[PDB]
Structures are given as C-alpha cells and as structure tokens.
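query_18.pdb, holding PDB, N, CA and C atoms and all ligand atoms:
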ATOM      1  N   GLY H   2    -122.227   2.455 -14.782
ATOM      2  CA  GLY H   2    -122.380   2.388 -16.222
ATOM      3  C   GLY H   2    -123.831   2.195 -16.613
ATOM      4  N   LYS H   3    -124.068   1.533 -17.747
ATOM      5  CA  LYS H   3    -125.435   1.387 -18.236
ATOM      6  C   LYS H   3    -126.278   0.530 -17.298
ATOM      7  N   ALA H   4    -125.680  -0.498 -16.691
ATOM      8  CA  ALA H   4    -126.457  -1.396 -15.834
ATOM      9  C   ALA H   4    -126.977  -0.672 -14.595
ATOM     10  N   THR H   5    -126.098   0.026 -13.873
ATOM     11  CA  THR H   5    -126.538   0.755 -12.683
ATOM     12  C   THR H   5    -127.550   1.855 -13.033
ATOM     13  N   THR H   6    -127.408   2.497 -14.193
ATOM     14  CA  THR H   6    -128.398   3.495 -14.583
ATOM     15  C   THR H   6    -129.757   2.841 -14.809
ATOM     16  N   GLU H   7    -129.772   1.653 -15.414
ATOM     17  CA  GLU H   7    -131.047   0.974 -15.630
ATOM     18  C   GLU H   7    -131.640   0.484 -14.303
ATOM     19  N   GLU H   8    -130.803  -0.061 -13.413
ATOM     20  CA  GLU H   8    -131.283  -0.467 -12.093
ATOM     21  C   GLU H   8    -131.912   0.711 -11.352
ATOM     22  N   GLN H   9    -131.277   1.879 -11.392
ATOM     23  CA  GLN H   9    -131.824   3.028 -10.669
ATOM     24  C   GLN H   9    -133.183   3.446 -11.222
ATOM     25  N   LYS H  10    -133.339   3.440 -12.554
ATOM     26  CA  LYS H  10    -134.634   3.743 -13.146
ATOM     27  C   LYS H  10    -135.708   2.758 -12.690
ATOM     28  N   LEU H  11    -135.380   1.471 -12.662
ATOM     29  CA  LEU H  11    -136.365   0.482 -12.221
ATOM     30  C   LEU H  11    -136.714   0.674 -10.751
ATOM     31  N   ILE H  12    -135.714   0.945  -9.904
ATOM     32  CA  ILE H  12    -136.002   1.197  -8.484
ATOM     33  C   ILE H  12    -136.920   2.398  -8.345
ATOM     34  N   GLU H  13    -136.686   3.440  -9.143
ATOM     35  CA  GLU H  13    -137.566   4.602  -9.098
ATOM     36  C   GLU H  13    -138.990   4.256  -9.544
ATOM     37  N   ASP H  14    -139.141   3.470 -10.613
ATOM     38  CA  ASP H  14    -140.482   3.075 -11.058
ATOM     39  C   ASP H  14    -141.191   2.213 -10.021
ATOM     40  N   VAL H  15    -140.463   1.304  -9.377
ATOM     41  CA  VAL H  15    -141.076   0.503  -8.308
ATOM     42  C   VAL H  15    -141.587   1.391  -7.188
ATOM     43  N   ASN H  16    -140.800   2.399  -6.806
ATOM     44  CA  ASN H  16    -141.214   3.287  -5.724
ATOM     45  C   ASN H  16    -142.429   4.124  -6.102
ATOM     46  N   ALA H  17    -142.470   4.626  -7.322
ATOM     47  CA  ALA H  17    -143.600   5.432  -7.760
ATOM     48  C   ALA H  17    -144.888   4.614  -7.790
ATOM     49  N   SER H  18    -144.817   3.369  -8.278
ATOM     50  CA  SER H  18    -146.014   2.510  -8.268
ATOM     51  C   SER H  18    -146.448   2.170  -6.849
ATOM     52  N   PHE H  19    -145.460   1.916  -5.961
ATOM     53  CA  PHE H  19    -145.760   1.688  -4.549
ATOM     54  C   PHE H  19    -146.476   2.893  -3.930
ATOM     55  N   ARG H  20    -146.022   4.105  -4.217
ATOM     56  CA  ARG H  20    -146.711   5.286  -3.689
ATOM     57  C   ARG H  20    -148.132   5.397  -4.242
ATOM     58  N   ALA H  21    -148.318   5.067  -5.522
ATOM     59  CA  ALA H  21    -149.675   5.060  -6.098
ATOM     60  C   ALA H  21    -150.556   4.018  -5.419
ATOM     61  N   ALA H  22    -150.013   2.849  -5.097
ATOM     62  CA  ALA H  22    -150.829   1.887  -4.364
ATOM     63  C   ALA H  22    -151.224   2.394  -2.983
ATOM     64  N   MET H  23    -150.304   3.057  -2.289
ATOM     65  CA  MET H  23    -150.661   3.634  -0.998
ATOM     66  C   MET H  23    -151.801   4.635  -1.144
ATOM     67  N   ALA H  24    -151.785   5.417  -2.225
ATOM     68  CA  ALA H  24    -152.827   6.435  -2.414
ATOM     69  C   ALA H  24    -154.225   5.827  -2.491
ATOM     70  N   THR H  25    -154.338   4.564  -2.911
ATOM     71  CA  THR H  25    -155.660   3.961  -3.023
ATOM     72  C   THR H  25    -156.319   3.701  -1.674
ATOM     73  N   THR H  26    -155.589   3.795  -0.565
ATOM     74  CA  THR H  26    -156.155   3.620   0.757
ATOM     75  C   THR H  26    -156.698   4.918   1.372
ATOM     76  N   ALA H  27    -156.714   6.055   0.673
ATOM     77  CA  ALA H  27    -156.948   7.345   1.339
ATOM     78  C   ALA H  27    -158.269   7.425   2.131
ATOM     79  N   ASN H  28    -159.325   6.810   1.646
ATOM     80  CA  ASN H  28    -160.701   7.088   2.078
ATOM     81  C   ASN H  28    -161.318   5.706   2.243
ATOM     82  N   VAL H  29    -160.466   4.741   2.560
ATOM     83  CA  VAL H  29    -160.822   3.352   2.799
ATOM     84  C   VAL H  29    -160.818   3.169   4.305
ATOM     85  N   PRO H  30    -161.815   2.480   4.874
ATOM     86  CA  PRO H  30    -161.781   2.207   6.311
ATOM     87  C   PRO H  30    -160.535   1.436   6.695
ATOM     88  N   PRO H  31    -160.037   1.640   7.915
ATOM     89  CA  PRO H  31    -158.804   0.961   8.336
ATOM     90  C   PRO H  31    -158.789  -0.539   8.085
ATOM     91  N   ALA H  32    -159.904  -1.225   8.312
ATOM     92  CA  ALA H  32    -159.876  -2.678   8.169
ATOM     93  C   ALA H  32    -159.775  -3.124   6.715
ATOM     94  N   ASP H  33    -160.036  -2.228   5.760
ATOM     95  CA  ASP H  33    -159.955  -2.576   4.350
ATOM     96  C   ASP H  33    -158.704  -2.043   3.677
ATOM     97  N   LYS H  34    -157.871  -1.271   4.384
ATOM     98  CA  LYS H  34    -156.732  -0.636   3.723
ATOM     99  C   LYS H  34    -155.742  -1.658   3.168
ATOM    100  N   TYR H  35    -155.388  -2.680   3.954
ATOM    101  CA  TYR H  35    -154.348  -3.572   3.459
ATOM    102  C   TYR H  35    -154.799  -4.325   2.208
ATOM    103  N   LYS H  36    -156.037  -4.846   2.209
ATOM    104  CA  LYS H  36    -156.531  -5.586   1.052
ATOM    105  C   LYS H  36    -156.607  -4.703  -0.182
ATOM    106  N   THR H  37    -157.017  -3.437  -0.002
ATOM    107  CA  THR H  37    -157.080  -2.486  -1.106
ATOM    108  C   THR H  37    -155.689  -2.176  -1.640
ATOM    109  N   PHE H  38    -154.759  -1.868  -0.735
ATOM    110  CA  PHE H  38    -153.385  -1.579  -1.134
ATOM    111  C   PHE H  38    -152.772  -2.765  -1.877
ATOM    112  N   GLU H  39    -152.941  -3.958  -1.318
ATOM    113  CA  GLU H  39    -152.294  -5.130  -1.872
ATOM    114  C   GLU H  39    -152.790  -5.429  -3.279
ATOM    115  N   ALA H  40    -154.092  -5.261  -3.520
ATOM    116  CA  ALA H  40    -154.630  -5.475  -4.858
ATOM    117  C   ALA H  40    -154.081  -4.466  -5.855
ATOM    118  N   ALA H  41    -153.941  -3.217  -5.440
ATOM    119  CA  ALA H  41    -153.379  -2.219  -6.333
ATOM    120  C   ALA H  41    -151.889  -2.433  -6.524
ATOM    121  N   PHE H  42    -151.190  -2.788  -5.444
ATOM    122  CA  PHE H  42    -149.756  -2.965  -5.486
ATOM    123  C   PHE H  42    -149.374  -4.118  -6.390
ATOM    124  N   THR H  43    -150.111  -5.231  -6.323
ATOM    125  CA  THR H  43    -149.665  -6.418  -7.063
ATOM    126  C   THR H  43    -149.737  -6.200  -8.577
ATOM    127  N   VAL H  44    -150.736  -5.451  -9.064
ATOM    128  CA  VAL H  44    -150.843  -5.197 -10.507
ATOM    129  C   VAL H  44    -149.624  -4.435 -11.011
ATOM    130  N   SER H  45    -149.318  -3.299 -10.385
ATOM    131  CA  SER H  45    -148.243  -2.480 -10.922
ATOM    132  C   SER H  45    -146.860  -3.055 -10.622
ATOM    133  N   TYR H  46    -146.691  -3.714  -9.462
ATOM    134  CA  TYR H  46    -145.400  -4.297  -9.136
ATOM    135  C   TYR H  46    -145.033  -5.393 -10.128
ATOM    136  N   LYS H  47    -146.004  -6.253 -10.480
ATOM    137  CA  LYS H  47    -145.721  -7.326 -11.440
ATOM    138  C   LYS H  47    -145.273  -6.770 -12.786
ATOM    139  N   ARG H  48    -145.838  -5.641 -13.206
ATOM    140  CA  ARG H  48    -145.374  -5.044 -14.455
ATOM    141  C   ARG H  48    -143.944  -4.532 -14.301
ATOM    142  N   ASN H  49    -143.627  -3.889 -13.161
ATOM    143  CA  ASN H  49    -142.271  -3.397 -12.953
ATOM    144  C   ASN H  49    -141.265  -4.542 -12.865
ATOM    145  N   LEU H  50    -141.641  -5.640 -12.207
ATOM    146  CA  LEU H  50    -140.748  -6.780 -12.078
ATOM    147  C   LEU H  50    -140.449  -7.406 -13.433
ATOM    148  N   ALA H  51    -141.446  -7.479 -14.309
ATOM    149  CA  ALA H  51    -141.179  -8.023 -15.637
ATOM    150  C   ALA H  51    -140.275  -7.103 -16.447
ATOM    151  N   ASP H  52    -140.383  -5.786 -16.271
ATOM    152  CA  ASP H  52    -139.398  -4.903 -16.892
ATOM    153  C   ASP H  52    -137.988  -5.184 -16.382
ATOM    154  N   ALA H  53    -137.841  -5.433 -15.076
ATOM    155  CA  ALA H  53    -136.526  -5.767 -14.542
ATOM    156  C   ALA H  53    -135.999  -7.074 -15.122
ATOM    157  N   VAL H  54    -136.855  -8.098 -15.204
ATOM    158  CA  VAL H  54    -136.436  -9.353 -15.825
ATOM    159  C   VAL H  54    -135.879  -9.075 -17.217
ATOM    160  N   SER H  55    -136.556  -8.207 -17.971
ATOM    161  CA  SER H  55    -136.120  -7.901 -19.336
ATOM    162  C   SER H  55    -134.826  -7.080 -19.363
ATOM    163  N   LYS H  56    -134.768  -5.986 -18.595
ATOM    164  CA  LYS H  56    -133.721  -4.978 -18.727
ATOM    165  C   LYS H  56    -132.590  -5.072 -17.705
ATOM    166  N   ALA H  57    -132.796  -5.728 -16.559
ATOM    167  CA  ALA H  57    -131.771  -5.740 -15.522
ATOM    168  C   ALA H  57    -131.979  -6.943 -14.621
ATOM    169  N   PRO H  58    -131.844  -8.146 -15.166
ATOM    170  CA  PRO H  58    -132.179  -9.341 -14.388
ATOM    171  C   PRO H  58    -131.361  -9.503 -13.124
ATOM    172  N   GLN H  59    -130.182  -8.870 -13.027
ATOM    173  CA  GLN H  59    -129.401  -8.919 -11.802
ATOM    174  C   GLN H  59    -130.112  -8.244 -10.635
ATOM    175  N   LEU H  60    -131.059  -7.351 -10.915
ATOM    176  CA  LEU H  60    -131.801  -6.677  -9.853
ATOM    177  C   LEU H  60    -132.920  -7.542  -9.291
ATOM    178  N   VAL H  61    -133.349  -8.572 -10.032
ATOM    179  CA  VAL H  61    -134.561  -9.300  -9.648
ATOM    180  C   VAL H  61    -134.451  -9.924  -8.259
ATOM    181  N   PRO H  62    -133.356 -10.603  -7.891
ATOM    182  CA  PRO H  62    -133.289 -11.176  -6.533
ATOM    183  C   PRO H  62    -133.353 -10.136  -5.442
ATOM    184  N   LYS H  63    -132.840  -8.929  -5.717
ATOM    185  CA  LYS H  63    -132.927  -7.852  -4.728
ATOM    186  C   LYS H  63    -134.374  -7.361  -4.593
ATOM    187  N   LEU H  64    -135.066  -7.157  -5.720
ATOM    188  CA  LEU H  64    -136.473  -6.795  -5.656
ATOM    189  C   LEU H  64    -137.283  -7.884  -4.972
ATOM    190  N   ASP H  65    -137.006  -9.170  -5.279
ATOM    191  CA  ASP H  65    -137.712 -10.258  -4.596
ATOM    192  C   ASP H  65    -137.568 -10.132  -3.065
ATOM    193  N   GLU H  66    -136.356  -9.800  -2.585
ATOM    194  CA  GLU H  66    -136.133  -9.664  -1.155
ATOM    195  C   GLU H  66    -136.922  -8.503  -0.545
ATOM    196  N   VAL H  67    -136.990  -7.366  -1.247
ATOM    197  CA  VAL H  67    -137.782  -6.230  -0.767
ATOM    198  C   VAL H  67    -139.248  -6.642  -0.623
ATOM    199  N   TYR H  68    -139.798  -7.290  -1.652
ATOM    200  CA  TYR H  68    -141.193  -7.716  -1.576
ATOM    201  C   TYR H  68    -141.383  -8.727  -0.451
ATOM    202  N   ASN H  69    -140.488  -9.721  -0.362
ATOM    203  CA  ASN H  69    -140.637 -10.709   0.698
ATOM    204  C   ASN H  69    -140.563 -10.059   2.070
ATOM    205  N   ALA H  70    -139.633  -9.137   2.252
ATOM    206  CA  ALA H  70    -139.538  -8.467   3.550
ATOM    207  C   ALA H  70    -140.878  -7.846   3.941
ATOM    208  N   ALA H  71    -141.492  -7.151   2.981
ATOM    209  CA  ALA H  71    -142.744  -6.455   3.233
ATOM    210  C   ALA H  71    -143.928  -7.403   3.392
ATOM    211  N   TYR H  72    -144.076  -8.364   2.472
ATOM    212  CA  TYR H  72    -145.181  -9.304   2.546
ATOM    213  C   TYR H  72    -145.109 -10.126   3.823
ATOM    214  N   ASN H  73    -143.886 -10.529   4.217
ATOM    215  CA  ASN H  73    -143.783 -11.360   5.404
ATOM    216  C   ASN H  73    -144.038 -10.560   6.676
ATOM    217  N   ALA H  74    -143.596  -9.292   6.739
ATOM    218  CA  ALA H  74    -143.911  -8.491   7.916
ATOM    219  C   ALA H  74    -145.419  -8.307   8.048
ATOM    220  N   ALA H  75    -146.100  -8.058   6.926
ATOM    221  CA  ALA H  75    -147.549  -7.924   6.953
ATOM    222  C   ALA H  75    -148.224  -9.244   7.309
ATOM    223  N   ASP H  76    -147.693 -10.359   6.807
ATOM    224  CA  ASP H  76    -148.270 -11.678   7.068
ATOM    225  C   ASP H  76    -148.357 -11.963   8.564
ATOM    226  N   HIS H  77    -147.309 -11.617   9.319
ATOM    227  CA  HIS H  77    -147.264 -11.889  10.752
ATOM    228  C   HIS H  77    -147.918 -10.818  11.609
ATOM    229  N   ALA H  78    -148.198  -9.640  11.061
ATOM    230  CA  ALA H  78    -148.838  -8.573  11.812
ATOM    231  C   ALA H  78    -150.313  -8.868  12.080
ATOM    232  N   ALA H  79    -150.811  -8.374  13.218
ATOM    233  CA  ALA H  79    -152.245  -8.387  13.469
ATOM    234  C   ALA H  79    -152.961  -7.574  12.394
ATOM    235  N   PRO H  80    -154.215  -7.921  12.070
ATOM    236  CA  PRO H  80    -154.906  -7.261  10.954
ATOM    237  C   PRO H  80    -154.815  -5.745  10.972
ATOM    238  N   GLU H  81    -154.990  -5.123  12.149
ATOM    239  CA  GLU H  81    -154.958  -3.668  12.248
ATOM    240  C   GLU H  81    -153.587  -3.070  11.970
ATOM    241  N   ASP H  82    -152.543  -3.902  11.909
ATOM    242  CA  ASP H  82    -151.160  -3.452  11.759
ATOM    243  C   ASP H  82    -150.552  -3.825  10.417
ATOM    244  N   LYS H  83    -151.272  -4.597   9.596
ATOM    245  CA  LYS H  83    -150.681  -5.162   8.389
ATOM    246  C   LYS H  83    -150.280  -4.090   7.382
ATOM    247  N   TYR H  84    -151.124  -3.071   7.177
ATOM    248  CA  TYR H  84    -150.800  -2.098   6.143
ATOM    249  C   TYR H  84    -149.534  -1.333   6.500
ATOM    250  N   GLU H  85    -149.459  -0.827   7.726
ATOM    251  CA  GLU H  85    -148.240  -0.096   8.091
ATOM    252  C   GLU H  85    -147.017  -1.006   8.151
ATOM    253  N   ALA H  86    -147.188  -2.285   8.510
ATOM    254  CA  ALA H  86    -146.053  -3.200   8.493
ATOM    255  C   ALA H  86    -145.513  -3.391   7.085
ATOM    256  N   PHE H  87    -146.406  -3.543   6.097
ATOM    257  CA  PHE H  87    -145.932  -3.644   4.726
ATOM    258  C   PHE H  87    -145.175  -2.390   4.287
ATOM    259  N   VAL H  88    -145.803  -1.227   4.459
ATOM    260  CA  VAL H  88    -145.267   0.037   3.988
ATOM    261  C   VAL H  88    -143.915   0.321   4.616
ATOM    262  N   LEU H  89    -143.796   0.090   5.927
ATOM    263  CA  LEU H  89    -142.533   0.352   6.607
ATOM    264  C   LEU H  89    -141.420  -0.517   6.046
ATOM    265  N   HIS H  90    -141.664  -1.816   5.907
ATOM    266  CA  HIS H  90    -140.552  -2.683   5.510
ATOM    267  C   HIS H  90    -140.262  -2.601   4.020
ATOM    268  N   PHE H  91    -141.283  -2.340   3.204
ATOM    269  CA  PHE H  91    -141.037  -2.159   1.780
ATOM    270  C   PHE H  91    -140.157  -0.929   1.539
ATOM    271  N   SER H  92    -140.518   0.183   2.138
ATOM    272  CA  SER H  92    -139.764   1.412   1.905
ATOM    273  C   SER H  92    -138.340   1.318   2.449
ATOM    274  N   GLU H  93    -138.157   0.717   3.635
ATOM    275  CA  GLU H  93    -136.803   0.573   4.192
ATOM    276  C   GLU H  93    -135.965  -0.407   3.378
ATOM    277  N   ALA H  94    -136.538  -1.544   2.999
ATOM    278  CA  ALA H  94    -135.753  -2.518   2.242
ATOM    279  C   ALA H  94    -135.389  -1.990   0.859
ATOM    280  N   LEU H  95    -136.268  -1.195   0.239
ATOM    281  CA  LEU H  95    -135.930  -0.612  -1.050
ATOM    282  C   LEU H  95    -134.758   0.356  -0.930
ATOM    283  N   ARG H  96    -134.698   1.119   0.159
ATOM    284  CA  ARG H  96    -133.545   1.993   0.355
ATOM    285  C   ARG H  96    -132.278   1.195   0.629
ATOM    286  N   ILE H  97    -132.392   0.045   1.293
ATOM    287  CA  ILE H  97    -131.216  -0.770   1.537
ATOM    288  C   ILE H  97    -130.654  -1.303   0.214
ATOM    289  N   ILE H  98    -131.508  -1.890  -0.640
ATOM    290  CA  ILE H  98    -130.967  -2.436  -1.881
ATOM    291  C   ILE H  98    -130.499  -1.324  -2.812
ATOM    292  N   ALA H  99    -131.017  -0.110  -2.656
ATOM    293  CA  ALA H  99    -130.581   1.026  -3.470
ATOM    294  C   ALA H  99    -129.281   1.645  -2.964
ATOM    295  N   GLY H 100    -128.819   1.229  -1.793
ATOM    296  CA  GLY H 100    -127.630   1.790  -1.164
ATOM    297  C   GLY H 100    -127.818   3.164  -0.585
ATOM    298  N   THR H 101    -129.041   3.484  -0.155
ATOM    299  CA  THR H 101    -129.344   4.771   0.481
ATOM    300  C   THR H 101    -129.040   4.696   1.973
ATOM    301  N   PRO H 102    -128.091   5.478   2.497
ATOM    302  CA  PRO H 102    -127.662   5.262   3.890
ATOM    303  C   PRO H 102    -128.703   5.638   4.930
ATOM    304  N   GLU H 103    -129.578   6.599   4.652
ATOM    305  CA  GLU H 103    -130.646   6.954   5.599
ATOM    306  C   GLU H 103    -131.833   6.035   5.305
ATOM    307  N   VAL H 104    -131.915   4.945   6.060
ATOM    308  CA  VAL H 104    -132.910   3.914   5.816
ATOM    309  C   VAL H 104    -134.192   4.201   6.585
ATOM    310  N   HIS H 105    -134.094   4.432   7.894
ATOM    311  CA  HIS H 105    -135.250   4.906   8.644
ATOM    312  C   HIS H 105    -135.586   6.339   8.209
ATOM    313  N   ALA H 106    -136.856   6.590   7.915
ATOM    314  CA  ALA H 106    -137.302   7.886   7.415
ATOM    315  C   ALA H 106    -136.915   9.016   8.364
ATOM    316  N   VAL H 107    -136.386  10.092   7.797
ATOM    317  CA  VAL H 107    -136.032  11.284   8.563
ATOM    318  C   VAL H 107    -137.126  12.318   8.315
ATOM    319  N   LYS H 108    -137.740  12.799   9.389
ATOM    320  CA  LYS H 108    -138.830  13.762   9.251
ATOM    321  C   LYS H 108    -138.305  15.091   8.711
ATOM    322  N   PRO H 109    -139.051  15.758   7.806
ATOM    323  CA  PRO H 109    -138.559  17.036   7.271
ATOM    324  C   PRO H 109    -138.673  18.232   8.226
TER     325      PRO H 109
HETATM  326 ZN    ZN H 201    -143.605 -15.917   7.838
HETATM  327 ZN    ZN H 202    -129.308  11.766   9.317
HETATM  328 ZN    ZN H 203    -136.911   2.043  10.713
END

So, in terms of structure tokens, how does the structure I just supplied come out?
Amino acid sequence: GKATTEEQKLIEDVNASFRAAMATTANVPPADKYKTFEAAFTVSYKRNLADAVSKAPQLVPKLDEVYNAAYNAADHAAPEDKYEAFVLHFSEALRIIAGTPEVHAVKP
C-alpha cells in the first residue's frame, strides 16, 4: 500500500546518494578514498534519513542497521580495506532490508 511505496522510494533515494558518494572517490588516492567517501556520504544520508523519519518512520531502524553494518565493517578493517568494506556491507544490507533475494552482486 502507501507505506511500502514510500519505503521503496526512500530506499531508492538512499541508494542513489550512496552511489554519488562513491563517485567522489574516482581520482582520489587510495589512502584518501574512505575519508572522502564518508564525508560525502554523511551529508546526503542524513538528509535521506530525516525524510524517512518524516514519511516512513517504520523504516528508520532498518536504515540504522544498514548504516551500522557498513560503518562497523569499515571501523574494523585495515585502512587500505575500509572503503571496500563499507561499500560491500552497505550495498548488501540495503538489499536485505529491501527484500531483494540476490544479495551478493551478480556480475552482468
Ligand atoms: Zn566494532
Ligand atoms: Zn542468481
Ligand atoms: Zn557477498
């Protein structure tokens, strides 16, 4: 119904902002990619999360879990591995909360 349609729109907006944050690392040296990504990611994610609080507060604990999964995987990774650890767990956890059965990326 209306709630699931609004949740899906928010999940899509979160993913699009996440992809835009990844784009900011294109021409950044490896050791600076995670800090660059994280600064870009936090601005747009916080705006998306506040939209969820307003329009679909039932989604907020699920979004919190996706972010925690990603931030915590990056937190424990060695510096050279932090960016890919975030990206991998954020994208997989977002597909899990969205109910997408193919969670590990399938190559085209
Ligand atoms: Zn930890
Ligand atoms: Zn398959
Ligand atoms: Zn996987």

_All residues having an atom within 12 Å of ligand ZN 202 (chain H) (only C-alpha atoms and all ligand atoms) as number ranges by chain_ = H: 101-109

*Expected residue set, 12 Å radius at (-156.1, -2.6, 0.9), only C-alpha atoms, as a PyMOL selection string*: chain H and resi 22-43+75+80-85+87-88

*Just how far from atom C of residue H:62 is atom CA of residue H:20, in Å to one decimal?*
20.5 Å

*Considering all atoms listed in the file, state which residue in the set H:51, H:95, H:89, H:21 is at the smallest distance from ligand ZN 203 (chain H).*
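Comparing H:51, H:95, H:89, H:21 against ligand ZN 203 (chain H), the winner is H:89.
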
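Going from atom CA of residue H:7 over to atom C of residue H:47, you cover 16.4 Å.
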
Would you list the residues that come within 7 Å of ligand ZN 201 (chain H)? Count only C-alpha atoms and all ligand atoms and give the answer as a compact mmCIF listing (two decimals) with N, CA and C atoms, keeping the file's coordinate frame.
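Wrote it out as result26.txt, contents follow:
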# COMPACT_ATOMS: atom_id res chain seq x y z
N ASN H 73 -143.89 -10.53 4.22
CA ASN H 73 -143.78 -11.36 5.40
C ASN H 73 -144.04 -10.56 6.68
N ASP H 76 -147.69 -10.36 6.81
CA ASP H 76 -148.27 -11.68 7.07
C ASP H 76 -148.36 -11.96 8.56
N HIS H 77 -147.31 -11.62 9.32
CA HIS H 77 -147.26 -11.89 10.75
C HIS H 77 -147.92 -10.82 11.61

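Nearest-residue note for residue H:91: choosing from H:44, H:17, H:50, H:71, the minimum distance belongs to H:71, counting only N, CA and C atoms.
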
*asked:* Considering only C-alpha atoms and all ligand atoms, can you say which of H:60, H:4, H:12, H:97 comes closest to ligand ZN 203 (chain H)?
replied: H:97

_Using DSSP secondary structure from the backbone, list all alpha helix (DSSP H) positions within chain H, as a ChimeraX atom specification._
/H:3-24,31-56,61-77,83-99
